[PDB]
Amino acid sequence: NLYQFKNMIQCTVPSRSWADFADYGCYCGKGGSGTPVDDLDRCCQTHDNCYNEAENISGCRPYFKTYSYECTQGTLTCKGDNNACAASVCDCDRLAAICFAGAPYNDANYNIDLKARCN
């Protein structure tokens, strides 16, 4: 669920407020269309697409599905007690959080005008 994804982000990028990732580029955040503006936005585009695929599973709601995971000693691990929905959503959230840690952050790309720039 969203709260868990936020916690993955806090765990993988502890130098920055999780909020920095909540509204960035065309995809990190509310937006989900257009050309990704940079590497970090591409992390978010892949994540968005991953959620759309997981949503095809009956009863699978990626923003709301509570999965089973651990973040300890620098490592994310989606646990074995996850069903197919939980495992898929956890994995989306896992590789996104890892992606964020290696991505440059461009202050210009925070809070951009989706209507104008993401068609």
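The numbering used is simple: start at 1 and walk along the sequence shown.
Subject >> Stretch with the higher entry mean CA B-factor, where the candidates are 27-35 and 42-50 >> reply: The deposited B-factors put 27-35 ahead on the C-alpha mean.
**OP:** Between 10-18 and 91-99, name whichever shows the higher mean Cα B factor according to the PDB entry.
**Re:** According to the entry, 10-18 carries the higher average C-alpha B-factor.
Original post:
Among the modelled residues of its chain, does the C-alpha B-factor of residue 62 lie in the lowest, middle or highest third?
Top reply: Lowest third - that is where residue 62 ends up once the chain's C-alpha B-factors are sorted.
Subject >> Position of residue 72 among the chain's modelled residues by C-alpha B-factor, lowest, middle or highest third >> reply: Its C-alpha B-factor, which the entry lists for residue 72, ranks in the highest third among residues of this chain.
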